[PDB]
Amino acid sequence: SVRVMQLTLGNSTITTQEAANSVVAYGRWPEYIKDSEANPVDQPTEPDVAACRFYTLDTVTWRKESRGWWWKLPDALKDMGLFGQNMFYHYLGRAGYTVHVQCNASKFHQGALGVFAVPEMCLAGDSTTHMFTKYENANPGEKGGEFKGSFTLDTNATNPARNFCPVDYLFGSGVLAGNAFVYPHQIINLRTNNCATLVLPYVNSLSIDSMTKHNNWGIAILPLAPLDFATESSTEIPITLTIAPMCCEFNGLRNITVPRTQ
Amino acid sequence: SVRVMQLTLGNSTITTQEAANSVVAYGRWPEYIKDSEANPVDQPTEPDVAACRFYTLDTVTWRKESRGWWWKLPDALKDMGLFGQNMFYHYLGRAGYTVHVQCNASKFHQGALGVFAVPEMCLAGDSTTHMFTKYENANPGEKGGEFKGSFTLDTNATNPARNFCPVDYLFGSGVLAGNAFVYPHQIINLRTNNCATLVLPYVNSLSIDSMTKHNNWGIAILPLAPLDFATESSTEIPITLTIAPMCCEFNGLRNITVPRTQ
Amino acid sequence: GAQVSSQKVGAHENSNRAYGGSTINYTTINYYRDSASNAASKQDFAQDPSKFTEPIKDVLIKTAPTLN
Amino acid sequence: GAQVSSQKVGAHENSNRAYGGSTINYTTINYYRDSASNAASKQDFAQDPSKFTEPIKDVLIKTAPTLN
Amino acid sequence: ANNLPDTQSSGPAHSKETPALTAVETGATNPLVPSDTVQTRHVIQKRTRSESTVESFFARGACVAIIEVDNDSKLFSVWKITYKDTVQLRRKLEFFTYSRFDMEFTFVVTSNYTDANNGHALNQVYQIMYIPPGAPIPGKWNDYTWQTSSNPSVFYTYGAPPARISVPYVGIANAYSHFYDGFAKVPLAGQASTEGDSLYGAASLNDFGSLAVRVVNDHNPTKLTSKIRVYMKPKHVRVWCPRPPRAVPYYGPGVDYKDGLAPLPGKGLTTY
Amino acid sequence: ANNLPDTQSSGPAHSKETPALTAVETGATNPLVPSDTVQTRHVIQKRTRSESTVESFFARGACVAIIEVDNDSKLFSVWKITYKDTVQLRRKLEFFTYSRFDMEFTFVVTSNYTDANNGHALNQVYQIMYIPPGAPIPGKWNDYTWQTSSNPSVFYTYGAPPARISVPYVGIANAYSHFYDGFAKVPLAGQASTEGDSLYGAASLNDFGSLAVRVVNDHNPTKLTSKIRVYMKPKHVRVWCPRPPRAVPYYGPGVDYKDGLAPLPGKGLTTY
């Protein structure tokens, strides 16, 4: 039925008994580069089962006060097994994804989470200096980031944070959040479903790019209807994020990249 | 399924996700007068969409102590939009109906309502004078009336009430209520359904009659199993009644009728 | 090398020329070798919004229950 | 996409060209896609004034008595 | 750019099909039409979406720059090519993530005497030279760079109809990116913080080069100023991935915001 | 736009057919021709009604507005689009109740020095921007609204032949109404008199929007004034329901009158 599914990729399987169908972004399933759209001339590496499998990133907790969370792809998976290895050993890389967000509660809980997949999800910074966010802050990895309820300008001139300041109702980029529904999405309304499943093809203005310099997709999760339970002002339910890269192919092998951190 | 439905008449739509099928009284769907059964010779008016649509009468509240409610048709709809206008402008009128009773609660509530559609639903009065109920009392309109737990004789000779005294177990007419199941009906048992839907054809010993002098159908709602909740001696759930006239045709147009009231 | 297309006549004159003939056609000829120099033809097509309106994996009917 | 119509010659020159040939025709070609950009053809038709002059239900003959 | 479907007449219903009920959690929009929830009549639809096609939406010349030159270094000016110096065209382009089109540039040139009662000059001729990223940039209004042996130049005579030229799709990618979630450099472990640092959301330091404008006539002591307003129109348009439009004021070339963060007015929940 | 019928010869009569007698009470006009009441000869008719066709009657550019701008807020002006600012075209249009046509607008621009012996300015360029009802109206001769990324603009260089553009049938109804016997609002029972009140015979508060005109050049202290005379010609014309023409002077946008109520002169009943 629309509600029961099983996803198998490599050596990993995911089962769900409360789905609300699955979304295939823009109606496009991920695919490899065709010869007619090929650019780099060298033989690509395609790890296949070693990289195209389900990786579970860290679990976040939803509370009445949560504003939202965000992650960047392939960034969030840079340290994930052999996918991360191939990402750092190659100059160029390409991949699609199957994003599976998990969140179960009970029949006496309420709340709705909007799960959006955004191509080129550029976020707003914290200073008066334009495009000032530094690489280390823009790429948090598997832990991702969070949305805020208001904009707060960083004034420390001696030691600028050079970080993002994504305000939730402004979708972290100066647009109204209610219009974010034009992007592939699903809603995890506690009275209806457990999860959200989105299949994302590779989207870019090029056939292949640098995975370290460029993040193709952004995953934004916003509480559309806040978490509430029985009478417990105190309520916490975890949100686990499991993502699997698809049709990975890398070009331009050399020595490994070791990016600067923190 | 037997449980999900959508009813559309004119500019009004009703949806339900917890139905228990629908009853079509005597297996007859409402229809217009055929030439072989026609009586008045003048061209009829058939308002169609302007009169044949869903009209929501006033909501009543069910409590542990409720004895029951009753309404008369077309009486309850006499002030409803263009249906009421056509009713009063014409000497003769005919119509069928789609009665949709609404009552939702929760999985921890109990109670069962018997919804009966009675042709020629004559009720008992309050005095020793036979057939003494006056027109104004017999025709309450959209607010309808209520059943009582016992018969109480009106003794005020100076100012007789000239009203009905419908005792519930006597079905308000001197017959046992348990036998009222011989009339088209449905039961709204809180653990099973939200509503009751009955399609009533025009029933009478004539093809067309005076809608102001005569009520063709009566709607009786009796608590078969009283309302009860968790441990709240205090419980109230509303019962909304939505009715839509069908195949309306009127004959004998003249000046408007303005009946005496109160 | 002339391209002859027909116009979508809005307001019609009290003429038969307003309803037929070359009088409701327009002529075009490209003078430049580079396609960039060309004007816009404006005979543009449409498409199905489904990729945005219903990017669902398992296709569903509006009459039928969405959650099944 | 050229439209070739003939002119209604008023004053005639002492030529045979004033009475025949392409010399009494004029040529037209639309350059714009929108019909609004077009000039007026001016080959406009007429109609019966009856809707104004005789909007009578029961048609009457002038020779015959109007009031009958 | 076509027709809309006709409305078919629809009568009453009493069925198990309920198109009015749905579940938006799936991520889909309910494709209902009037006849699904009310009784409709047959209407022969004659309206079309001819003017809302991606092409017609952009088929307008929008101002992207106002270059100024004072013919008394101001004897010449340089404008770094961009569509972000103005807000109107920028906001329309940003309804999409990627685009691919040709461009038509029209130049409206105006000039005037600064002094109401002083100076005089003969008719001016302007040279608008395109300097592709890499070509030498003029240091003086009359140095060797203005020979344009390879750079495309446009010589405009004051008073003539606005100059106009077409440019093909010149991107180095398969489409123009309106948004680039990345950097041009990756800072490597071990290098000084000064190292490997670049702007967020920036690609090349010099994407499309710039325009160098000057008056070719010998300057007279007279005080004169000229302004070249650049209008650009995307033609032969294709766009990908729609995005919600900009709701708050722009704050630079990025998606940064600062000032008008409260765009919506107050309105009663139960007030019509 | 065609031929007239020939006159057929007609001889004497002595019959029971009397076309001369009629009864105008019916609401009809007696369709007599000369041969009905007199003896006629055969005349081959060569006259036609080519110039009185609805199209030829309106095929002339009529002045509908004179917009003025002083290049020393007058640096720019706004004209609410209408055909009622002038009387000549208005009176011709009002021979009919409804109309449907395309429009051709020609702009004649003139300018001059206010001072006979002072000031000087270089050739002016004008921008005529159409602001459709809803679009932002310019507050300054140089604010962001003049970027016209979507509004249609016309840039005219002084001295060039008059500018000219065509506009399609833009009505929201199936025809333009020259007369509207109604209101835009219905006052409801119970509401304050201030409520539900609107002008008699008025439809939208902003029917067709307006034109914003300005000189693009930087203004010099010199005193200059320009005037843009707007000429409009209905082309591809269709008209419905004839009405008697305006006999007394116009008094506003409505059918109101006040002054020249006695249009006819005196003449003796028996004076030729």
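Chains here go by letter, A, B, C, D, E and F, matching the order in which they are written, and residues are numbered from 1 within each.
Here is the rule we use: a contact is a pair of C-beta atoms (placed from the backbone, for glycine too) under 8 Å apart; a residue touches a chain by one contact, two chains touch by 3 or more.
Just one of D-F or C-F has an interface built like that of C-E, with over half of its contact pairs in common by residue number: D-F. Interface comparison, B-E versus A-C: the pair with the greater number of contacting C-beta pairs is B-E. Rounded to a whole number, the gap between the C-alpha centres of chain A and chain D is 70 angstrom.
Distance from the chain C centre to the chain D centre is 34 Å, each centre being the mean of its Cα atoms. Between the Cα centres of chain B and chain F there is a gap of 63 Å.
Averaged Cα coordinates give chain A a centre that lies 29 Å from the centre of chain E. Residue positions 8, 10-11, 13-14, 18, 42, 52, 55-56, 60, 65-67 of chain C are each in touch with at least two other chains.
Those residues of chain A in touch with two or more other chains are numbered 2, 20-21, 23, 26, 182, 184, 192.
Counting only residues that touch two or more partner chains, chain F has 53-55, 102, 168-169, 235-236.
For chain C in complex with chain D, the residues that touch the partner chain are 2, 4-5, 7-11, 13-18, 21-27, 42. Residues of chain B that touch chain E in their complex: 1, 4-13, 15, 17, 22, 49, 52, 98, 199. On the side of chain C, the complex with chain F involves touching residues 10-14, 18.
On the chain E side of its complex with chain B, the touching residues are 12-21, 37-39. Chain contact summary for the complex, chain E toward chain F: residues 60-63, 86-89, 92, 108-117, 120, 158-162, 224-225, 227, 229.
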